[PDB]
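Both counts, for ligands and for their atoms, begin at 1 and track the order of listing. Heavy-atom basis, side chains included; hydrogens, waters and symmetry copies ignored. To find a chain, count down the sequence lines: A is the first, B the second, and so on, and within it residues start at 1.
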Amino acid sequence: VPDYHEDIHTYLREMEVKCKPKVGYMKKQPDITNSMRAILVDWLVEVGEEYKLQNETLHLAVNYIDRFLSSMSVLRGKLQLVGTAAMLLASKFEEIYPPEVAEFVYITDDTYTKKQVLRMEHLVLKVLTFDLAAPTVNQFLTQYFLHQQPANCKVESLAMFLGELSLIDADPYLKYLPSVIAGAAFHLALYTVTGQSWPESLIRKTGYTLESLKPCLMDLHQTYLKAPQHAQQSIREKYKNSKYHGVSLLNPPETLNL
Amino acid sequence: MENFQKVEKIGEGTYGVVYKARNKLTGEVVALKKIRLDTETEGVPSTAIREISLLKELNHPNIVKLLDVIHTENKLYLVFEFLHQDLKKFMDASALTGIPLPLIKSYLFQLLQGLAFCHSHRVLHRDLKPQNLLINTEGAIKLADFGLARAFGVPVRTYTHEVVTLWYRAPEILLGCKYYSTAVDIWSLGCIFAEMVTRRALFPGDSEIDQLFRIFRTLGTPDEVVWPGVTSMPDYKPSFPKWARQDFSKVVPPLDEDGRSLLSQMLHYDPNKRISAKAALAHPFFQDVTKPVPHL
Ligand SMILES: CC[C@H](C)[C@H](NC(=O)[C@H](CC(C)C)NC(=O)[C@H](CCCN=C(N)N)NC(=O)c1nc(C)n(-c2ccc(Cl)cc2)n1)C(=O)N[C@@H](Cc1ccc(F)cc1)C(N)=O
């Protein structure tokens with residue numbers, strides 16, 4: 001394990017900057033909105049629950065969608081096709097057995113055809129120039145977790161939770177690198193469960209001081225307070241499972257000592 | 001595609017035929033891996049998605065270079081640097097004479113550097129066997145065929161049923177471990193090392209149980225001292241025969257005291273203690289390494 005940990009961490013920091021979406025892209029989209037995008041991401045959380053997809057697969061699909069909508073305009077009626085191809089590609093790259101194309105066609109409710117989805121798959125590949133090995137919040141969270149003492153797994157779930165939350169809203173979240181979001185999610189979860197705080201280990205590793213996390217943490221802390229209200233409820237319903245120690249039942253802290 | 005002249009077929013390795021071809025304009029000889037798009041049932045296969053995305057990040061003199069991807073409606077063409085042949089065929093033809101020791105050390109030294117480069121870029125190969133190892137006439141050897149390779153930014157979950165080769169499979173995977181790690185690459189590589197040395201596959205098993213018992217018979221049956229945890233592994237049984245650790249001198253006769261020492265480190269039972277590719281490059285065995293060229 002720890003012969004490459006740091007090489008890996010360093011290199012994921014380099015890749016994540018290559019794989020960053022254009023941040024003010026939703027404004028250049030004449031027919032789609034941050035809010036439609038929230039509808040699509042939430043639906044992806046459900047498709048992933050249903051087919052027992054890994055969480056990584058969801059973060060990947062979200063990254064592809066955002067790099068795609070970054071250079072290509074899409075009418076509202078095709079947004080979901082872009083989403084479905086994205087989910088298919090993320091599955092092939094990350095999953096052991098990806099659900100077949102029929103299955104993906106099936107879960108849009110035969111709203112596109114198996115050949116439309118495949119032509120979309122090709123076109124996503126072309127636009128992303130086959131760059132699919134994208135660093136996600138889930139990746140950085142996984143690296144971060146090696147530095148927690150002792151391991152708390154209510155801490156882990158709750159962090160994963162917050163990191164999935166941030167996928168829903170391009171509204172603030174496209175401003176932050178995945179390593180920064182993973183940072184605030186880790187701190188926020190550590191904090192909420194135990195009252196402890198973004199550890200020195202990780203300050204020295206990431207060169208991120210608690211202070212630098214403060215802007216992202218504030219938005220994240222807002223997202224976490226307002227979660228029970230948000231138009232989209234999929235990630236909460238997911239994170240109620242015993243598999244996740246019902247962390248999304250837990251009580252957000254109302255202040256942060258920040 | 002217009003610029004390429006198919007010269008002859010050189011076959012397959014996971015999905016789609018491989019041709020030697022020359023660029024009619026620049027004159028470069030390349031290897032074209034050509035994939036049929038079932039554009040009505042599956043799409044781009046996941047072997048291709050992985051090998052292309054992963055191999056596009058890896059640029060190193062010991063990893064096969066992906067030159068270009070030519071991306072038409074009905075066909076995907078992968079264009080690689082040409083390499084004269086694989087190590088498997090070479091060992092077949094060097095058989096009865098053996099491969100000279102010094103080329104063995106050069107090959108292993110170069111493989112370790114390619115591996116080290118993968119692993120520091122969160123890429124696992126997962127399917128290292130000699131047919132995947134390509135050599136040229138100038139004495140170079142390269143990791144190839146990344147069809148099964150995986151990014152490990154998050155740990156990689158093991159296929160309950162492995163379509164992933166037998167003879168070169170690590171014992172943690174045979175005992176039903178649930179994650180891969182870079183240690184599986186090191187294990188294959190060590191088997192391939194003994195294979196070059198002794199001239200036959202180290203552990204040529206016939207099922208997963210035969211594989212383990214061939215490993216156990218040479219290295220000795222593990223317990224909790226050698227491998228903390230073994231006895232609580234999904235596929236472990238208290239009923240396994242207890243064999244003894246055979247002397248490595250008997251396993252790999254032609255090898256000196258340092259070779260034997262490295263070899264045995266690449267084949268530690270405990271994935272946590274198995275030597276990494278970085279650390280192996282520092283090994284005293286590599287002190288006199290040169291770059292001989294094969295009789296090819
Ligand atoms: C039926 C028309 C409404 C107005 C439309 N809804 C949709 O497009 C949604 C989008 C998805 C991502 C939720 N799609 C569907 O409901 C489509 C129906 C196609 C439209 N109906 C027609 N043409 N008769 N069906 C599904 O998505 C669907 N079917 C099933 C089953 N599931 C499903 C859900 C969960 C699981 Cl686990 C498995 C399957 N989803 C919609 O709300 N459009 C948005 C625009 C929009 C488009 C895509 C998008 F992702 C977000 C917004 C708007 N105009 O405000």
Side-chain angles (χ1 to χ4, degrees), chain A residues 21-92 94-121 123-124 127-128 136 138 160-161 164-174 223 226-227 229-244 248, chain B residues 43:
Chain A
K22 248 90 224 84
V23 36
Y25 87 79
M26 206 52 99
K27 250 108 103 332
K28 294 171 112 346
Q29 294 278 1
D31 195 46
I32 58 165
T33 181
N34 286 140
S35 173
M36 295 177 198
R37 169 186 186 296
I39 296 163
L40 175 73
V41 187
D42 195 84
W43 176 76
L44 287 172
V45 171
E46 252 194 308
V47 175
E49 277 288 287
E50 201 65 18
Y51 289 83
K52 287 181 202 95
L53 307 183
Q54 316 282 318
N55 282 359
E56 182 64 356
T57 304
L58 176 62
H59 293 74
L60 289 164
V62 175
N63 174 263
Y64 298 160
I65 290 175
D66 286 329
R67 282 148 74 209
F68 189 99
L69 295 174
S70 268
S71 51
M72 301 294 287
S73 319
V74 182
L75 269 25
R76 68 242 266 158
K78 302 305 217 272
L79 178 64
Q80 168 166 18
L81 180 53
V82 171
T84 311
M87 200 68 169
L88 179 54
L89 278 177
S91 300
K92 295 166 152 176
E94 188 74 23
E95 296 281 323
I96 301 159
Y97 310 127
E100 297 144 26
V101 197
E103 296 281 13
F104 276 99
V105 162
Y106 176 84
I107 52 91
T108 51
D109 216 359
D110 298 300
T111 157
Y112 306 102
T113 63
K114 154 158 81 264
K115 177 158 304 161
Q116 257 167 328
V117 167
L118 271 19
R119 304 260 276 290
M120 192 52 85
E121 160 173 276
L123 178 64
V124 175
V127 172
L128 311 188
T136 56
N138 185 66
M160 280 305 182
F161 174 54
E164 285 174 46
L165 279 189
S166 69
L167 285 180
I168 297 281
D169 305 297
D171 312 84
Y173 306 100
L174 264 19
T223 307
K226 269 103 158 230
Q229 251 72 235
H230 171 120
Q232 280 73 55
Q233 284 308 317
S234 258
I235 286 153
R236 305 201 45 246
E237 281 309 305
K238 187 181 163 177
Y239 270 90
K240 267 158 194 186
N241 208 267
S242 22
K243 161 179 40 185
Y244 286 123
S248 82

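Residues lining ligand 1 at a heavy-atom distance below 4.0 Å are given as A/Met36, A/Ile39, A/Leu40, A/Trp43, A/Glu46, A/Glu50, A/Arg76, A/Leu79, A/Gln80, A/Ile107, A/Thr108, A/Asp109, A/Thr111, ordered by chain and residue number.
In this structure, the side chain of A/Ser248 engages the main chain of A/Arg236 through a donor-acceptor pair within 3.5 Å.
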Check the pair A/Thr113, A/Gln116 against side chain to side chain donor-acceptor pair (under 3.5 Å), reporting the backbone distance first and the verdict last. CA-CA 5 Å; A/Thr113 63; A/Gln116 257 167 328; 3.3 Å; yes
Going through the checks in order, is the side chain to side chain contact (heavy atoms under 4.5 Å, CB included) test met by A/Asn55 and A/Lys238? CA-CA 11 Å; A/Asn55 282 359; A/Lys238 187 181 163 177; 2.9 Å; yes
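Taking the six-membered ring where the residue is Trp, A/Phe104 and A/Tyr51 present parallel rings, their angle staying beneath 30° rather than reaching 60°.
Within the 4.5 Å cutoff, side-chain heavy atoms of A/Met120 are placed close to those of A/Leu123.
Here the rule is side-chain contact (heavy atoms from CB on, under 4.5 Å) with A/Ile168, and of A/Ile39, A/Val41, A/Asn34 only A/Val41 fits it.
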